[PDB]
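A.B. asks: Here we go, the starting part of the complex in its complex frame:
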Amino acid sequence: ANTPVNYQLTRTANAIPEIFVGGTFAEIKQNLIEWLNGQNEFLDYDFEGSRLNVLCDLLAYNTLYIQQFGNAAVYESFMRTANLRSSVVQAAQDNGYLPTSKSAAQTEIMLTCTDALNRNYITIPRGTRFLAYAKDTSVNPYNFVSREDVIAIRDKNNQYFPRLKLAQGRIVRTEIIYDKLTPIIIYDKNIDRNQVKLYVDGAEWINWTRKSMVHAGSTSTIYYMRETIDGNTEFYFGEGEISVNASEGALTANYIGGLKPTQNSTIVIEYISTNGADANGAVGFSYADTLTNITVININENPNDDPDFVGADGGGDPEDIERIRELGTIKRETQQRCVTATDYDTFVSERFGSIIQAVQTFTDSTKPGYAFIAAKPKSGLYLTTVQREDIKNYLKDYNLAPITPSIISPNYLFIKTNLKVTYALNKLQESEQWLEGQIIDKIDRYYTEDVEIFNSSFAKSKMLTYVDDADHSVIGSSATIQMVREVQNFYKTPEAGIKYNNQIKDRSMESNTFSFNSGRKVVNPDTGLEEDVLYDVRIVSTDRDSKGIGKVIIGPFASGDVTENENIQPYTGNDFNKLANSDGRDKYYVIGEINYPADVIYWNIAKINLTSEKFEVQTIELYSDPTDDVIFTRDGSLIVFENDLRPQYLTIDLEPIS
């Protein structure tokens, strides 16, 4: 049982050559005090004689003074032992992967605008800026600028919408005369290397490195980045044989490194510094820069709706040492082109790393040719379809040819909770309400501290610890969870059904109430025709049955709603839970069945023959209460904290106490 051993594994989890380890001074002396002892020159001198002792005592002080220099450098010297972050990037940058500066809040708009000139084609030139208030705050909009040129066909009726996508900040372009001996610094903070583009005289060069990088451009066009230890970015390009080497495709051969400069190739670069990570979820937009003859009659948010979405994107801290530290090793491991699934993990982690807290690369053995991806928008659970499309194509750049990237947000276990938390009034002068605003931070803290990381077993209580930890003037804290999944088809279970991975109490399997259109007719004075009647139902589990099974009981039905079949009967069992309706309609059917041990849950509404369309809503939320304390996750099913988008899943009651 557990782990038997033969002298197994190696050297803890990770190398500590540990001659380097800083020890306690006294011990350091204690070691060294021995050192001077046994020294052939004198075996006589007693060190515990306080006279020599303090003298030797001093040697250790310097020796300790000097050691942490010698030791820390090693931690520094070796990535993943590097304690300095600007260290970490260096080896990472060296490994062929860099962390980036905060990455502009980005979005798309379509806007319908009439040109006053009625020309066939207007362009939106790159660099028109728009304003967006951050969510719920109009005090200031966040400026953000047209990413690139875009033109639009004038539709007939003369009004036509262009569409374009938007990153946040201001276009900031600077020309520089290049010179042989000189650094090329941008001292700009809020810079992000991903929105950095430049022009040598004329044509654009790309840092090969995550811009294009496979095109006929022959690599003569190129340059690099680097991070000044200061925190500002300096430019770099390869000098001399800037292409691979020698003769290559040219018949004349000789040597070209470019950028002599003398004055040649005056370098003009163009970039956006940004306020980002603060701008996420900026919904209200403005058209903040006018053009000749173009007038936006409407700017309408979010083409191709998710439908659940927020304003902009992006931003970023930028920096985290933990996600960055090991990571580049995989990029150090992998080549540029992404090949391995985790190579697709780490590669995706490069670009939209600030978009994605966690990305799950996997194959679905069913569909080959598709790279199946489960990622965290980290602002939310759902990358807007353009993002999905966006990184996809960009990702798709690095990939095996027949392979296709396929990104889907996996299903998400939802933890539906009412919280009961007590505090002493007197104990806190601070505004009660804001306390709730406090805890509501510290709740996701645990998540971000834990749950999204591994998507392992989830501890309710352990979560409640930190929210307990919040005010310390909180007297007590209580909560109750309802494990919640969302369903895409009310009508038919997914083939495999649905499983909780987690034991639930019998009969504690619930669902959402929802109306149902019933063909029967309603008329009321002044109402007139009134279509027909519709009432609501919900999905009900019957009791546990022997062999841990249950049959899915449909919501209550009025008489004549469902054509009665000799096969299908009103379940009309004693047990099954029932909502209380004004109808008193007692017709209940089995639409399907479950078993509690397997946690697997199936039904089909084809069973009851009831028409899909006589239901109004396509998706229903799923309610259940796991009998077990902690929540287990397996695959693609992860508990997560999104309160803002889905507050009804998170509720907190506040108990004032004197």
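C.D. replies: Okay, I see it. Numbers count the residues shown, from 1 in each chain, chains lettered A, B, ... in the order given.
A.B. asks: Kindly list the main-chain dihedrals of the nearest residue to residue A:462 once chain neighbours are set aside?
C.D. replies: In this structure, residue A:462 finds its nearest non-sequential neighbour in residue A:446, 7.3 Å apart by CB to CB, 6 or more residues apart in numbering. Heads up, the C-betas are built off the backbone N, CA and C, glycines and all. Main-chain dihedrals, residue A:446, degrees, to the nearest 10: phi -50, psi -50.
A.B. asks: buried sites along the longest helix seen in chain A?
C.D. replies: As assigned by DSSP state H, the longest helix anywhere in chain A is helix A:50-77. Under the neighbour-count criterion of 16 or more other CB atoms under 10 Å, helix A:50-77 has A:56-57, A:60, A:63-64, A:67, A:71-72, A:75-76 buried.
A.B. asks: With stretch A:475-489 instead?
C.D. replies: Of the residues in stretch A:475-489, A:475, A:477, A:479, A:481-485, A:487 count as buried by neighbour count, 16+ other CB under 10 Å.
A.B. asks: of all those, which comes closest to residue A:157?
C.D. replies: The closest of the buried residues of stretch A:475-489 to residue A:157 turns out to be residue A:487 (CB to CB; 41.9 Å).
A.B. asks: tell me which of the buried residues of stretch A:475-489 is nearest to residue A:627?
C.D. replies: Residue A:627 has its nearest neighbour among these in residue A:483, at 10.2 Å by CB to CB.
A.B. asks: include chain B as well:
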Amino acid sequence: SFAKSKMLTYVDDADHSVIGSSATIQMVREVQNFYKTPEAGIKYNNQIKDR
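C.D. replies: Alright, chain B goes in next:
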């Protein structure tokens, strides 16, 4: 006052391998006297559920 959460802190602390924990508490007041309640009567200072 006693807190089932604040106690839960240290039981969390004990190993570092404990992935979770929880409990269902019942106060216990043992009573010396059956036949007569203390004429004043016991109180928990804390309300309880019915039955």
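A.B. asks: Could you re-examine the nearest residue to residue A:462 with chain B now present?
C.D. replies: residue B:20 (5.6 Å; CB to CB, 6 or more residues apart in numbering or on different chains).
A.B. asks: Ramachandran angles for whatever residue of the stretch 251-400 of chain A ends up closest to chain B?
C.D. replies: The nearest approach of the stretch 251-400 of chain A to chain B comes at residue A:322, 18.5 Å away (CB to the nearest CB). Per-residue torsions, residue A:322: phi -80, psi -50 (degrees, to the nearest 10).
A.B. asks: What's the local residue count around it?
C.D. replies: Per other CB atoms under 10 Å in any protein chain shown, the neighbour tally for residue A:322 reads 9.
A.B. asks: that older thread, now for the residue nearest to residue A:462: which residues touch it?
C.D. replies: Counting by CB atoms under 8 Å, 6 or more residues apart in numbering or on different chains, residue B:20 touches A:457-462, A:629-630.
A.B. asks: now, the most widely separated pair of these?
C.D. replies: Top of the distance list for those (CB to CB): A:457 and A:461, 12.2 Å.
A.B. asks: Roughly how far does residue A:403 sit from chain B?
C.D. replies: Residue A:403 sits 37 Å away from chain B, going by CB to the nearest CB, to the nearest Å.
A.B. asks: Same check on residue A:490?
C.D. replies: Residue A:490 sits 33 Å away from chain B, going by CB to the nearest CB.
A.B. asks: That residue: which element?
C.D. replies: Under DSSP states H and E, no helix or strand contains residue A:490.
A.B. asks: to the structure above, add chain C:
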Amino acid sequence: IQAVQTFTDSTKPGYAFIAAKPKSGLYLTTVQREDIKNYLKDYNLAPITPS
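C.D. replies: Once chain C is put in with the chains from before, the structure reads:
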């Protein structure tokens, strides 16, 4: 091959397509096609057969 143009189809995995003008002829002659794919075959991503 004047210029060789590589492409795939997602419908059929395991395979790679390249476009070739021998520029000595409107169609690429065969003796090349066996000569190349041969020499080519050295580096083939195992799951994939370039064609």
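A.B. asks: Could you re-examine the buried residues of helix A:50-77 with chain C now present?
C.D. replies: Buried residues in helix A:50-77, counted by 16 or more other CB atoms under 10 Å in any protein chain shown: A:56-57, A:60, A:63-64, A:67, A:71-72, A:75-76.
A.B. asks: Go back to these and keep what's next to chain C.
C.D. replies: Near chain C, judged by CB under 8 Å from any CB of the partner chain, there are no entries from the buried residues of helix A:50-77.
A.B. asks: Any idea which residue of the stretch 51-200 of chain A lies closest to chain C?
C.D. replies: residue A:96 (20.8 Å).
A.B. asks: What of chain A?
C.D. replies: Residue of chain A nearest chain C, by CB to the nearest CB: residue A:401 (3.7 Å).
A.B. asks: The stretch 51-200 of chain A against chain C: which residues are in contact?
C.D. replies: Counting by CB under 8 Å from any CB, no residue of the stretch 51-200 of chain A is near chain C.
A.B. asks: can you list the domain ranges for chain A.
C.D. replies: Per CATH domains of a matching chain, the domain ranges recorded for chain A read A:103-169+A:275-315, A:170-274, A:333-410, A:411-658.
A.B. asks: And the longest one, end to end?
C.D. replies: In terms of CA to CA, to the nearest Å, the two terminal residues of domain A:411-658 are separated by 43 Å.
A.B. asks: what's the offset of that domain from the middle of its chain?
C.D. replies: 25 Å (CA atoms, centre = their mean, to the nearest Å).
A.B. asks: same check, this time on the shortest one
C.D. replies: The offset between the C-alpha centroid of domain A:333-410 and the centroid of the whole chain comes to 12 Å, using CA atoms, centre = their mean.
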